[PDB]
Amino acid sequence: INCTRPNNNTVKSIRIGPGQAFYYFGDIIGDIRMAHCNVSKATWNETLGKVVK
Amino acid sequence: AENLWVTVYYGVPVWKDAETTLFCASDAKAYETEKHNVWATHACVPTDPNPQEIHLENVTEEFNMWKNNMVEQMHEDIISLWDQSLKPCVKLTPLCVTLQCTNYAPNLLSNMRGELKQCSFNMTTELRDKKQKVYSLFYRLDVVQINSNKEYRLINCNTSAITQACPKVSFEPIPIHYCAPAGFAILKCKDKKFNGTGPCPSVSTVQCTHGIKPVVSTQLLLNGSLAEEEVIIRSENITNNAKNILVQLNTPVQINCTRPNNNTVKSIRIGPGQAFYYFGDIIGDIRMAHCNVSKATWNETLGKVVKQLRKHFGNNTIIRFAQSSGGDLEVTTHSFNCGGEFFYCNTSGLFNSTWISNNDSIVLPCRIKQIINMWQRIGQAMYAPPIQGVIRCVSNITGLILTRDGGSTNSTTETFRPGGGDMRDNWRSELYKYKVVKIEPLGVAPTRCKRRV
Amino acid sequence: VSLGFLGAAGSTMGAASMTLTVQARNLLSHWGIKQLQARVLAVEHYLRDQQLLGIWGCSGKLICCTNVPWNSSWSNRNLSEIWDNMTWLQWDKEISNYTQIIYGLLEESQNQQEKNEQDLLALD
Amino acid sequence: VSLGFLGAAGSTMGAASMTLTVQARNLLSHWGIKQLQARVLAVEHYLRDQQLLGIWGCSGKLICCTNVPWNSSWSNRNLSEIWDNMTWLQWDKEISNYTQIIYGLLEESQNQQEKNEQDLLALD
Amino acid sequence: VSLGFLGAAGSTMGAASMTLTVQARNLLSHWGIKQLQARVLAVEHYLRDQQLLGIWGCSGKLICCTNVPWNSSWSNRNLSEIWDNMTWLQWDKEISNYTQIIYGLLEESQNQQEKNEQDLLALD
Ligand SMILES: *[C@@H]1O[C@H](CO)[C@@H](O[C@@H]2O[C@H](CO)[C@@H](O[C@@H]3O[C@H](CO[C@H]4O[C@H](CO)[C@@H](O)[C@H](O)[C@@H]4O)[C@@H](O)[C@H](O[C@H]4O[C@H](CO)[C@@H](O)[C@H](O)[C@@H]4O)[C@@H]3O)[C@H](O)[C@H]2NC(C)=O)[C@H](O)[C@H]1NC(C)=O
Ligand SMILES: *[C@@H]1O[C@H](CO)[C@@H](O[C@@H]2O[C@H](CO)[C@@H](O[C@@H]3O[C@H](CO)[C@@H](O)[C@H](O)[C@@H]3O)[C@H](O)[C@H]2NC(C)=O)[C@H](O)[C@H]1NC(C)=O
Ligand SMILES: *[C@@H]1O[C@H](CO)[C@@H](O[C@@H]2O[C@H](CO)[C@@H](O[C@@H]3O[C@H](CO)[C@@H](O)[C@H](O)[C@@H]3O)[C@H](O)[C@H]2NC(C)=O)[C@H](O)[C@H]1NC(C)=O
Ligand SMILES: *[C@@H]1O[C@H](CO)[C@@H](O[C@@H]2O[C@H](CO)[C@@H](O)[C@H](O)[C@H]2NC(C)=O)[C@H](O)[C@H]1NC(C)=O
Ligand SMILES: *[C@@H]1O[C@H](CO)[C@@H](O[C@@H]2O[C@H](CO)[C@@H](O)[C@H](O)[C@H]2NC(C)=O)[C@H](O)[C@H]1NC(C)=O
Ligand SMILES: *[C@@H]1O[C@H](CO)[C@@H](O[C@@H]2O[C@H](CO)[C@@H](O)[C@H](O)[C@H]2NC(C)=O)[C@H](O)[C@H]1NC(C)=O
Ligand SMILES: *[C@@H]1O[C@H](CO)[C@@H](O[C@@H]2O[C@H](CO)[C@@H](O)[C@H](O)[C@H]2NC(C)=O)[C@H](O)[C@H]1NC(C)=O
Ligand SMILES: *[C@@H]1O[C@H](CO)[C@@H](O[C@@H]2O[C@H](CO)[C@@H](O)[C@H](O)[C@H]2NC(C)=O)[C@H](O)[C@H]1NC(C)=O
Ligand SMILES: *[C@@H]1O[C@H](CO)[C@@H](O)[C@H](O)[C@H]1NC(C)=O
Ligand SMILES: *[C@@H]1O[C@H](CO)[C@@H](O)[C@H](O)[C@H]1NC(C)=O
Ligand SMILES: *[C@@H]1O[C@H](CO)[C@@H](O)[C@H](O)[C@H]1NC(C)=O
Ligand SMILES: *[C@@H]1O[C@H](CO)[C@@H](O)[C@H](O)[C@H]1NC(C)=O
Ligand SMILES: *[C@@H]1O[C@H](CO)[C@@H](O)[C@H](O)[C@H]1NC(C)=O
Ligand SMILES: *[C@@H]1O[C@H](CO)[C@@H](O)[C@H](O)[C@H]1NC(C)=O
Ligand SMILES: *[C@@H]1O[C@H](CO)[C@@H](O)[C@H](O)[C@H]1NC(C)=O
Ligand SMILES: *[C@@H]1O[C@H](CO)[C@@H](O)[C@H](O)[C@H]1NC(C)=O
Ligand SMILES: *[C@@H]1O[C@H](CO)[C@@H](O)[C@H](O)[C@H]1NC(C)=O
Ligand SMILES: *[C@@H]1O[C@H](CO)[C@@H](O)[C@H](O)[C@H]1NC(C)=O
Ligand SMILES: *[C@@H]1O[C@H](CO)[C@@H](O)[C@H](O)[C@H]1NC(C)=O
Ligand SMILES: *[C@@H]1O[C@H](CO)[C@@H](O)[C@H](O)[C@H]1NC(C)=O
Ligand SMILES: *[C@@H]1O[C@H](CO)[C@@H](O)[C@H](O)[C@H]1NC(C)=O
Ligand SMILES: *[C@@H]1O[C@H](CO)[C@@H](O)[C@H](O)[C@H]1NC(C)=O
Ligand SMILES: *[C@@H]1O[C@H](CO)[C@@H](O)[C@H](O)[C@H]1NC(C)=O
Ligand SMILES: *[C@@H]1O[C@H](CO)[C@@H](O)[C@H](O)[C@H]1NC(C)=O
Ligand SMILES: *[C@@H]1O[C@H](CO)[C@@H](O)[C@H](O)[C@H]1NC(C)=O
Ligand SMILES: *[C@@H]1O[C@H](CO)[C@@H](O)[C@H](O)[C@H]1NC(C)=O
Ligand SMILES: *[C@@H]1O[C@H](CO)[C@@H](O)[C@H](O)[C@H]1NC(C)=O
Ligand SMILES: *[C@@H]1O[C@H](CO)[C@@H](O)[C@H](O)[C@H]1NC(C)=O
């Protein structure tokens with residue numbers, strides 16, 4: 001299986017204080033494609049036919 | 001008969017070195033006085049009256065400092081000792097609030113024309129819906145502004161938290177022995193001169209060494225164990241300026257250090273149950289903190305050390321001393337502890353001399369802080385409360401650290417200046433002659449004769 | 001006179017061999033866990049070789065003999081000077097790449113044969 | 001050839017009886033407390049039966065005999081097939097409800113009489 | 001009948017001397033650390049004197065004799081009444097300022113001489 005996340009990020013860091021470095025979501029740049037996973041089709045057929053026997 | 005058979009022996013002295021953990025053991029009286037509480041030497045399995053020492057014969061051994069595992073064992077536990085003594089006493093987050101003020105009035109009427117900053121702010125009371133007004137004092141080395149009365153802040157509320165010191169625990173060091181478990185031995189060799197490494201002719205073993213007083217000091221070792229009859233130099237890689245220079249001496253010299261202004265305190269309550277101590281008001285004159293030193297003896301030992309130091313740098317070269325360089329303050333000044341407070345003395349009135357190859361008192365100024373970032377760590381800091389009365393402490397100066405400079409080849413009369421800023425080497429200064437080892441009892445050899453069935 | 005602990009370790013064999021008791025008399029002679037790690041370590045090293053001595057037909061005997069002869073490919077030095085001109089620190093490094101052959105051949109030489117013949121001589 | 005640890009446990013007596021050394025050679029071979037609970041447990045089981053062997057007149061002897069005869073109400077199988085056609089896993093379940101009578105009668109049979117007669121034969 | 005643990009401690013010698021096994025049969029029989037401090041303490045006291053018995057030529061023998069005679073400056077009471085009219089609690093306080101001379105003189109009397117003569121009688 002291959003699984004990716006296209007829209008990576010840029011991040012920022014703000015200080016709660018005293019001494020609590022908080023991290024959070026910054027801004028997105030570029031296109032937007034949601035996360036997904038590919039899988040080999042015919043092999044998934046083959047092992048599913050294998051398990052049902 | 002004239003064939004030989006084998007036999008087995010048990011418990012024959014051989015040793016091959018290793019490393020394990022250790023433990024500590026020291027008391028004769030100090031738990032009985034105790035000031036009800038001390039920094040954590042609490043049970044520690046109190047020591048033996050008469051320690052054991054066996055002289056050895058016809059034995060040599062290679063000896064190397066700078067690779068002993070024992071110095072990091074003394075490094076790791078004191079860190080774990082320090083925070084554990086500091087943690088369960090009371091926290092304070094809500095102090096670093098905005099604040100505005102200007103200086104105190106007879107600050108300009110003293111030798112110390114510096115910084116007192118009579119100051120004030122709002123603080124939460126025991127009840128959550130009530131505030132209160134206070135009035136207090138803070139040195140400029142513990143306050144800094146933001147960029148109207150330009151508002152201030154404590155030094156590193158922008159980095160980490162601050163926790164006040166627990167009001168009954170002392171900071172004065174107690175001598176400690178460090179002792180090895182069974183199946184092990186500690187080796188010390190008792191030569192007078194010892195130039196760091198190499199073999200040593202006369203060795204001996206002891207289960208646990210003499211006492212070490214873990215004092216926290218920079219650029220001058222104080223209350224340290226004294227050397228033998230002649231002054232010595234120690235290093236790694238002289239004529240390679242990256243590391244530091246250690247020197248130990250024989251004639252201890254005095255130092256007296258005081259704090260004149262006894263400056264009584266007050267105490268309010270943060271609440272519930274947070275008895276906060278703060279600086280009250282001062283009455284009397286103002287004289288800043290300082291230290292005296294015997295002049296002619298300081299000339300005498302400095303003339304003593306330069307005769308010894310010349311041998312590692314030729315014959316006809318010129319030696320000049322200088323003050324510290326800069327950067328942070330904590331490598332420049334001479335910092336130490338006395339009576340539960342922390343001084344910072346400029347020490348520029350010592351290393352001001354050149355040297356040609358052929359009843360007075362030096363008064364040096366000192367300053368005090370109230371926020372410490374001890375052990376070169378970032379992530380915590382401690383607040384110390386002031387103490388009433390007049391404090392006064394005497395000690396022996398024993399051991400200074402030195403650092404070379406840049407320059408060129410061996411012609412341009414190289415110089416020196418203090419510095420350092422580390423604490424591990426100070427323990428390397430006083431654990432120089434110890435190493436761990438493990439015995440091995442099992443042995444086997446051929447004998448002449450046989451065994452009955 | 002009592003020379004003391006690790007006393008004649010720089011001396012020769014026959015001086016060191018006659019005084020062996022004192023090595024046993026000293027062998028078992030927040031900050032609670034690190035002390036407690038020491039005592040469990042000290043009891044571990046002592047109890048380990050103890051049965052390893054005890055498996056060799058020598059229970060509490062400090063000095064004891066055995067049955068297996070000496071293979072002369074091990075050393076060639078005959079008898080006298082090894083008791084007279086070396087130290088144990090000189091000795092133990094010299095025979096180091098042998099001991100695994102020694103210990104295994106030692107134990108089965110007595111405590112397989114000498115118990116089976118014991119089970120056959122006390123038989124009849 | 002060395003068969004190894006727990007080797008011939010499926011075999012018969014005489015094969016298993018001849019190789020007994022390797023069971024002793026393997027017997028003593030936040031996450032600090034649970035390791036430390038193991039080593040104090042391992043030293044406890046070893047040291048327990050050790051003196052329980054040592055009280056029986058057998059200090060370090062791996063195989064040893066004794067004095068007390070066999071009460072024939074215990075087993076009836078005579079000599080041969082018990083050494084030739086069973087396993088120790090077969091043996092130990094078979095004689096299980098006897099051992100408390102065995103151990104107490106064993107120890108006083110030697111180590112009361114055989115020391116008192118020792119204190120009377122070495123007497124005169 | 002079995003009198004039990006610490007049974008005849010108020011009795012005399014010969015009653016108490018004949019039953020000595022039961023003192024060994026009972027000798028090794030947040031709240032995890034303080035339990036664990038007990039078991040490491042219990043194993044320490046047992047293992048200490050065990051080798052201190054084992055250094056004296058007595059490995060597992062509960063009762064054993066030795067070689068050194070009695071210096072009559074120690075006691076003067078001859079033989080009979082000390083086995084017949086005192087207790088061990090009476091005995092041990094009576095001979096208390098002697099034992100350090102006793103233990104050191106005991107161990108070298110056998111286990112220096114009696115092994116060196118053993119290394120000379122098994123020699124020839
Ligand atoms: C290097 O080595 C020197 C030499 O010891 C050390 O200097 C000593 O440091 C200690 C620690 O502060 C000093 O002790 C202080 O003594 C003051 C004088 O007390 C004397 O008089 C009282 C009676 O009033 C006696 O009971 C006492 O025993 C002394 O004889 C006290 O004022 C101080 O008191 C504080 O503590 C006590 C107890 O906790 C309280 O009752 C007080 O209210 C107050 O809180 C303190 O006891 C000592 O005087 C110093 N000099 C000498 C010669 O010993 C250095 O500390 C050491 N380290 C460094 C880094 O230099
Ligand atoms: C998983 O499967 C999807 C298909 O559903 C794969 O997506 C394909 O990825 C390629 C590589 O980026 C795309 O091609 C690109 O097209 C642009 C158009 O200008 C071109 O400039 C690029 O150089 C590149 O050739 C393709 O369009 C895209 N197809 C779809 C339907 O999304 C994907 O790569 C697979 N793998 C992973 C790890 O996601
Ligand atoms: C100073 O630091 C180093 C590291 O411990 C040690 O000496 C220095 O080592 C470097 C690197 O090997 C030497 O450079 C050499 O130069 C010659 C040219 O003649 C070259 O052919 C070699 O291949 C190598 O590059 C360097 O000369 C040497 N010395 C100094 C002064 O830098 C030494 O342990 C340290 N201490 C002292 C006192 O030098
Ligand atoms: C996703 O990752 C890419 C990695 O290349 C980021 O793009 C780079 O950002 C650095 C920041 O200094 C620039 O110097 C480069 O020129 C950028 N490379 C590009 C745009 O190809 C990108 O910013 C990340 N995405 C987000 C939303 O931050
Ligand atoms: C936290 O406060 C300290 C105050 O010491 C800041 O240190 C200052 O940093 C600026 C940056 O150029 C220097 O110009 C000042 O000289 C520094 N102050 C002093 C007293 O030297 C520090 O930048 C602040 N922030 C962090 C993250 O530490
Ligand atoms: C430490 O002092 C010893 C004692 O002299 C030095 O050892 C010998 O010093 C002489 C001095 O001329 C040399 O000739 C010898 O070669 C030295 N003996 C050796 C190296 O085995 C030693 O050099 C000194 N070491 C340091 C680092 O100062
Ligand atoms: C340290 O040296 C100074 C001298 O600089 C001493 O200060 C003197 O103290 C006496 C006592 O009242 C005064 O009469 C002098 O006027 C002071 N001199 C100066 C220049 O101020 C001081 O006593 C010495 N000792 C200590 C412990 O500080
Ligand atoms: C220690 O005292 C010396 C002596 O005054 C201080 O050196 C002064 O430093 C400033 C700033 O570099 C110079 O303008 C002065 O000329 C220096 N004085 C002299 C006499 O040369 C030094 O700053 C002090 N150190 C500390 C940490 O306070
Ligand atoms: C998944 O990615 C790897 C990357 O090397 C590739 O070799 C493989 O063919 C991919 N598989 C699918 C099903 O896309
Ligand atoms: C899987 O492969 C078989 C051939 O073996 C085919 O008959 C079937 O329709 C396939 N099913 C899917 C879901 O691809
Ligand atoms: C130490 O060495 C000398 C040199 O041979 C030797 O005579 C002596 O017996 C040795 N042992 C000692 C002093 O215990
Ligand atoms: C304290 O709070 C009061 C409430 O209004 C405010 O007027 C005053 O300026 C505050 N003082 C400081 C120093 O923050
Ligand atoms: C300083 O010490 C004196 C000594 O009697 C004391 O009376 C006074 O209250 C102290 N504090 C001052 C002057 O602020
Ligand atoms: C330091 O104070 C002590 C206190 O008794 C005194 O004896 C000594 O002379 C003083 N030394 C100097 C240099 O002032
Ligand atoms: C130190 O004393 C010597 C005399 O031995 C003198 O020549 C020198 O100038 C003095 N130096 C200082 C700094 O007092
Ligand atoms: C440098 O001077 C000292 C002082 O006498 C002398 O011992 C040494 O030999 C001199 N150095 C050289 C290289 O001669
Ligand atoms: C340093 O030495 C020079 C020359 O002797 C002198 O003028 C100066 O005052 C000295 N500075 C200090 C701080 O002693
Ligand atoms: C300082 O040195 C003297 C010199 O003998 C010594 O008597 C004194 O005890 C030393 N001070 C300390 C705190 O050890
Ligand atoms: C000695 O050991 C060698 C193996 O290193 C072996 O070949 C030889 O037979 C052995 N000799 C005796 C007498 O055991
Ligand atoms: C072996 O015997 C010879 C006899 O000539 C003697 O010289 C030599 O020292 C002996 N070797 C040892 C190790 O005793
Ligand atoms: C001897 O022992 C050393 C120990 O490291 C080993 O490296 C070497 O291979 C050994 N030589 C043999 C087994 O011949
Ligand atoms: C065997 O044990 C029984 C008790 O179960 C007893 O009655 C019998 O006398 C015993 N026989 C012998 C010979 O000990
Ligand atoms: C007992 O002896 C008989 C002799 O006829 C034999 O058949 C039987 O196997 C023996 N039993 C055992 C347990 O050896
Ligand atoms: C045999 O042992 C089992 C073990 O649980 C026990 O339940 C049974 O009562 C025993 N039989 C006897 C003692 O006769
Ligand atoms: C108790 O003491 C008396 C005193 O003579 C003695 O006769 C008796 O046997 C003792 N009994 C026991 C059980 O110790
Ligand atoms: C008994 O001990 C004393 C010392 O207390 C000693 O003088 C005497 O010789 C010893 N007698 C015997 C026979 O050992
Ligand atoms: C010593 O012997 C005498 C013989 O008259 C006897 O009366 C006395 O009880 C004996 N002492 C002891 C302690 O047995
Ligand atoms: C006997 O033992 C006690 C025990 O405290 C001791 O105080 C006393 O001095 C000893 N008497 C001697 C050794 O003569």
# chains A, B, ... in the order shown; residues from 1 in each chain; ligands from 1
>>> residues_near_ligand(ligand="ligand 26", cutoff="8 Å", atoms="only C-alpha atoms and all ligand atoms", output="ChimeraX atom specification")
/E:70-74
>>> residues_near_ligand(ligand="ligand 1", cutoff="7 Å", atoms="only C-alpha atoms and all ligand atoms", output="MDAnalysis selection string")
chainID B and resid 35 172 215 222:223 336:339 391 393:395
>>> select_by_dssp(residues="chain A", states="helix (DSSP H, G or I)", output="VMD selection string")
chain A and resid 41 to 52
>>> write_last_selection(atoms="C-alpha atoms", output="compact mmCIF listing (two decimals), in the first residue's frame")
# COMPACT_ATOMS: atom_id res chain seq x y z
CA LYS A 41 -6.16 -4.28 -7.87
CA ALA A 42 -5.61 -7.75 -9.30
CA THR A 43 -3.53 -8.94 -6.36
CA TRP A 44 -6.30 -7.85 -4.01
CA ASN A 45 -8.66 -9.93 -6.12
CA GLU A 46 -6.24 -12.85 -5.96
CA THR A 47 -5.83 -12.95 -2.20
CA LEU A 48 -9.56 -12.43 -1.66
CA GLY A 49 -10.25 -15.35 -3.95
CA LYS A 50 -7.58 -17.19 -1.99
CA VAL A 51 -9.13 -16.53 1.40
CA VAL A 52 -12.68 -17.44 0.40
>>> residues_near_ligand(ligand="ligand 25", cutoff="9 Å", atoms="only C-alpha atoms and all ligand atoms", output="JSON, numbers by chain")
{"E": [7, 8, 9, 10, 11, 12, 15]}
>>> residues_near_ligand(ligand="ligand 28", cutoff="12 Å", atoms="only C-alpha atoms and all ligand atoms", output="VMD selection string")
chain E and resid 92 to 101
>>> closest_atom_pairs(of="chain B", to="ligand 8", cutoff="8 Å", atoms="only C-alpha atoms and all ligand atoms", output="tab-separated table")
residue	atom	partner	partner_atom_place_in_ligand_line	distance
B:326	CA	ligand 8	27 (C)	8.0
B:329	CA	ligand 8	27 (C)	6.3
B:332	CA	ligand 8	27 (C)	6.4
B:333	CA	ligand 8	27 (C)	6.0
B:345	CA	ligand 8	27 (C)	7.8
B:346	CA	ligand 8	1 (C)	4.9
B:347	CA	ligand 8	1 (C)	7.0
B:348	CA	ligand 8	1 (C)	5.4
B:349	CA	ligand 8	2 (O)	7.7
>>> residues_around(residues="residue C:61", least_positions_apart="4", cutoff="10 Å", atoms="only C-alpha atoms", output="MDAnalysis selection string")
(chainID B and resid 9:10) or (chainID C and resid 53:54 57 65) or (chainID E and resid 54:59 111 115)
>>> write_last_selection(atoms="N, CA, C and O atoms", output="PDB file, in the first residue's frame")
ATOM      1  N   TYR B   9      42.977 -22.719  41.872  1.00  0.00           N
ATOM      2  CA  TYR B   9      43.094 -21.869  43.041  1.00  0.00           C
ATOM      3  C   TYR B   9      41.916 -20.915  43.060  1.00  0.00           C
ATOM      4  O   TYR B   9      41.342 -20.607  42.013  1.00  0.00           O
ATOM      5  N   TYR B  10      41.554 -20.449  44.246  1.00  0.00           N
ATOM      6  CA  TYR B  10      40.461 -19.504  44.400  1.00  0.00           C
ATOM      7  C   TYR B  10      40.946 -18.270  45.137  1.00  0.00           C
ATOM      8  O   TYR B  10      41.636 -18.381  46.153  1.00  0.00           O
TER       9      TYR B  10
ATOM     10  N   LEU C  53      32.581 -23.053  41.155  1.00  0.00           N
ATOM     11  CA  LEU C  53      33.560 -23.820  41.906  1.00  0.00           C
ATOM     12  C   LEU C  53      32.956 -25.123  42.394  1.00  0.00           C
ATOM     13  O   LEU C  53      33.618 -26.168  42.382  1.00  0.00           O
ATOM     14  N   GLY C  54      31.687 -25.083  42.801  1.00  0.00           N
ATOM     15  CA  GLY C  54      31.072 -26.252  43.400  1.00  0.00           C
ATOM     16  C   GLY C  54      30.792 -27.362  42.411  1.00  0.00           C
ATOM     17  O   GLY C  54      30.700 -28.530  42.797  1.00  0.00           O
ATOM     18  N   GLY C  57      33.753 -30.372  41.850  1.00  0.00           N
ATOM     19  CA  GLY C  57      34.157 -31.268  42.910  1.00  0.00           C
ATOM     20  C   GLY C  57      34.834 -30.604  44.084  1.00  0.00           C
ATOM     21  O   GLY C  57      35.398 -31.300  44.930  1.00  0.00           O
ATOM     22  N   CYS C  65      42.811 -30.295  44.306  1.00  0.00           N
ATOM     23  CA  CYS C  65      43.392 -30.917  43.133  1.00  0.00           C
ATOM     24  C   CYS C  65      42.294 -31.571  42.306  1.00  0.00           C
ATOM     25  O   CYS C  65      41.110 -31.519  42.648  1.00  0.00           O
TER      26      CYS C  65
ATOM     27  N   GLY E  54      31.879 -21.959  55.625  1.00  0.00           N
ATOM     28  CA  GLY E  54      32.556 -22.732  54.602  1.00  0.00           C
ATOM     29  C   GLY E  54      34.054 -22.528  54.582  1.00  0.00           C
ATOM     30  O   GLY E  54      34.796 -23.396  54.112  1.00  0.00           O
ATOM     31  N   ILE E  55      34.526 -21.396  55.104  1.00  0.00           N
ATOM     32  CA  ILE E  55      35.959 -21.169  55.167  1.00  0.00           C
ATOM     33  C   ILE E  55      36.592 -22.015  56.264  1.00  0.00           C
ATOM     34  O   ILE E  55      37.796 -22.278  56.227  1.00  0.00           O
ATOM     35  N   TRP E  56      35.799 -22.509  57.209  1.00  0.00           N
ATOM     36  CA  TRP E  56      36.294 -23.251  58.355  1.00  0.00           C
ATOM     37  C   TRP E  56      36.371 -24.743  58.113  1.00  0.00           C
ATOM     38  O   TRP E  56      36.288 -25.517  59.071  1.00  0.00           O
ATOM     39  N   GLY E  57      36.494 -25.171  56.863  1.00  0.00           N
ATOM     40  CA  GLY E  57      36.573 -26.587  56.583  1.00  0.00           C
ATOM     41  C   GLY E  57      35.287 -27.350  56.788  1.00  0.00           C
ATOM     42  O   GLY E  57      35.308 -28.583  56.781  1.00  0.00           O
ATOM     43  N   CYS E  58      34.172 -26.661  56.982  1.00  0.00           N
ATOM     44  CA  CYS E  58      32.880 -27.292  57.205  1.00  0.00           C
ATOM     45  C   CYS E  58      31.925 -26.688  56.186  1.00  0.00           C
ATOM     46  O   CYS E  58      31.437 -25.570  56.365  1.00  0.00           O
ATOM     47  N   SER E  59      31.674 -27.427  55.109  1.00  0.00           N
ATOM     48  CA  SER E  59      30.892 -26.892  54.003  1.00  0.00           C
ATOM     49  C   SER E  59      29.403 -26.967  54.294  1.00  0.00           C
ATOM     50  O   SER E  59      28.723 -25.943  54.391  1.00  0.00           O
ATOM     51  N   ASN E 111      42.844 -24.262  57.879  1.00  0.00           N
ATOM     52  CA  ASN E 111      42.826 -24.069  56.445  1.00  0.00           C
ATOM     53  C   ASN E 111      44.025 -23.292  55.938  1.00  0.00           C
ATOM     54  O   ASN E 111      43.984 -22.760  54.826  1.00  0.00           O
ATOM     55  N   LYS E 115      45.686 -27.693  54.667  1.00  0.00           N
ATOM     56  CA  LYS E 115      45.706 -27.810  53.218  1.00  0.00           C
ATOM     57  C   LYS E 115      47.135 -27.920  52.710  1.00  0.00           C
ATOM     58  O   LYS E 115      47.394 -28.539  51.672  1.00  0.00           O
TER      59      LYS E 115
END
>>> residues_near_ligand(ligand="ligand 2", cutoff="12 Å", atoms="only C-alpha atoms and all ligand atoms", output="list in words")
residues 1, 2, 3, 4, 5, 6, 32, 33, 34, 35, 36, 37, 38, 39, 40 and 41 of chain A
>>> closest_residue(among="B:43, B:282, B:95, B:12", to="chain A", atoms="only C-alpha atoms")
B:95
>>> interface_residues(of="chain C", to="chain E", cutoff="12 Å", atoms="only C-alpha atoms", output="VMD selection string")
chain C and resid 2 14 17 to 29 32 to 33 35 to 44 46 to 47 50 54 58 to 66
>>> write_last_selection(atoms="C-alpha atoms", output="mmCIF file, in the first residue's frame")
data_model
loop_
_atom_site.group_PDB
_atom_site.id
_atom_site.type_symbol
_atom_site.label_atom_id
_atom_site.label_comp_id
_atom_site.auth_asym_id
_atom_site.auth_seq_id
_atom_site.Cartn_x
_atom_site.Cartn_y
_atom_site.Cartn_z
ATOM 1 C CA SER C 2 49.152 -9.723 58.365
ATOM 2 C CA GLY C 14 54.934 -18.805 46.837
ATOM 3 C CA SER C 17 50.000 -18.508 47.522
ATOM 4 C CA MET C 18 50.422 -18.982 51.268
ATOM 5 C CA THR C 19 48.052 -16.124 52.196
ATOM 6 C CA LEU C 20 44.704 -16.542 50.456
ATOM 7 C CA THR C 21 42.150 -16.171 53.249
ATOM 8 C CA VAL C 22 42.007 -12.379 53.292
ATOM 9 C CA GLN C 23 40.673 -12.164 49.738
ATOM 10 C CA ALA C 24 37.544 -13.946 50.934
ATOM 11 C CA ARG C 25 37.308 -12.016 54.207
ATOM 12 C CA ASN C 26 36.949 -8.778 52.233
ATOM 13 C CA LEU C 27 34.923 -10.171 49.350
ATOM 14 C CA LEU C 28 31.430 -9.604 50.803
ATOM 15 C CA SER C 29 32.065 -6.758 53.264
ATOM 16 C CA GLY C 32 18.088 4.064 47.988
ATOM 17 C CA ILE C 33 17.701 2.502 44.575
ATOM 18 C CA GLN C 35 22.549 1.567 46.798
ATOM 19 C CA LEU C 36 20.178 -1.350 46.328
ATOM 20 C CA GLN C 37 21.479 -1.923 42.807
ATOM 21 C CA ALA C 38 24.941 -2.369 44.304
ATOM 22 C CA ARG C 39 24.030 -5.074 46.817
ATOM 23 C CA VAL C 40 22.162 -7.132 44.251
ATOM 24 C CA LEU C 41 25.163 -6.801 41.957
ATOM 25 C CA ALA C 42 27.591 -7.811 44.692
ATOM 26 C CA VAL C 43 25.586 -10.882 45.607
ATOM 27 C CA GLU C 44 25.377 -11.829 41.935
ATOM 28 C CA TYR C 46 29.796 -13.862 44.408
ATOM 29 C CA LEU C 47 27.122 -16.470 43.921
ATOM 30 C CA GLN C 50 30.594 -20.213 43.832
ATOM 31 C CA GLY C 54 31.072 -26.252 43.400
ATOM 32 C CA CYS C 58 35.441 -28.536 45.235
ATOM 33 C CA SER C 59 32.663 -27.301 47.498
ATOM 34 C CA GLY C 60 34.317 -25.188 50.155
ATOM 35 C CA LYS C 61 37.906 -26.300 49.746
ATOM 36 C CA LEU C 62 39.949 -23.208 48.970
ATOM 37 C CA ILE C 63 42.749 -25.232 47.370
ATOM 38 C CA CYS C 64 41.968 -28.535 45.698
ATOM 39 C CA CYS C 65 43.392 -30.917 43.133
ATOM 40 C CA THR C 66 41.752 -32.781 40.274
#
>>> residues_near_ligand(ligand="ligand 12", cutoff="10 Å", atoms="only C-alpha atoms and all ligand atoms", output="list in words")
residues 97, 98, 99, 100, 101, 119, 120, 121, 122, 123, 131, 132, 133, 134, 135 and 151 of chain B
